[PDB]
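Note sheet for the following structure.
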Amino acid sequence: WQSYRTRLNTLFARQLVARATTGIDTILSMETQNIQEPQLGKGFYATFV
Amino acid sequence: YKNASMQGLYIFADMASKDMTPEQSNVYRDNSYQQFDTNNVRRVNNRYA
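Protein chains in written order, with the deposited numbering: chain B, 1598 to 1646; chain A, 1259 to 1307.
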């Protein structure tokens, strides 16, 4: 609505199921939380320090 | 088993694995032998520290 955009869906629910299937430590680890989603629209990522 | 070729992998709590590089598989080989089975015997393995 402005420069603000937000994500309405997830494309990796299947991966989460697949990981829960093999144990608690898979689903709750850090790698799980790094499953990536595509960027929402024209734009880019940048790092600010 | 002294200077034998061995294969192996690491299995992590996250049910995923990495191959052992031979440089390391040789270390476990040297430190843990006498746990390996031979013909006509069966050995009880133990933890590796």
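The beta-carbon is built from N, C-alpha and C at its ideal position, and this holds for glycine as well.
Buried versus exposed call for residue i [16 or more other C-beta atoms within 10 Å across all chains shown]
i	result
B:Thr1623	buried
B:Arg1604	exposed
A:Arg1287	buried
B:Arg1616	buried
Nearest-angstrom Cα separation, counted from residue j out to residue i
i	j	result
A:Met1278	B:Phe1645	38 Å
A:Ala1307	A:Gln1282	14 Å
A:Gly1266	A:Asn1284	10 Å
B:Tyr1601	B:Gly1640	12 Å
B:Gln1599	B:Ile1632	27 Å
A:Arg1305	A:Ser1263	21 Å
B:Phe1609	A:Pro1280	36 Å
Proximity below 8 Å, CB of residue i to CB of residue j
i	j	result
A:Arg1300	A:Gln1293	no
A:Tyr1268	A:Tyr1291	no
B:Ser1626	A:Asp1295	no
8 Å contact criterion, which residue i and residue j should meet: CB distance rounded
i	j	result
B:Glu1634	B:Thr1607	7 Å
For the segment 1268-1293 of chain A, list the alpha helix (DSSP H) runs that are entirely contained and at least 4 residues long, ordered along the chain.
With a minimum length of 4 residues, the unbroken runs of alpha helix (DSSP H) contained wholly in the segment 1268-1293 of chain A fall at 1280-1289.
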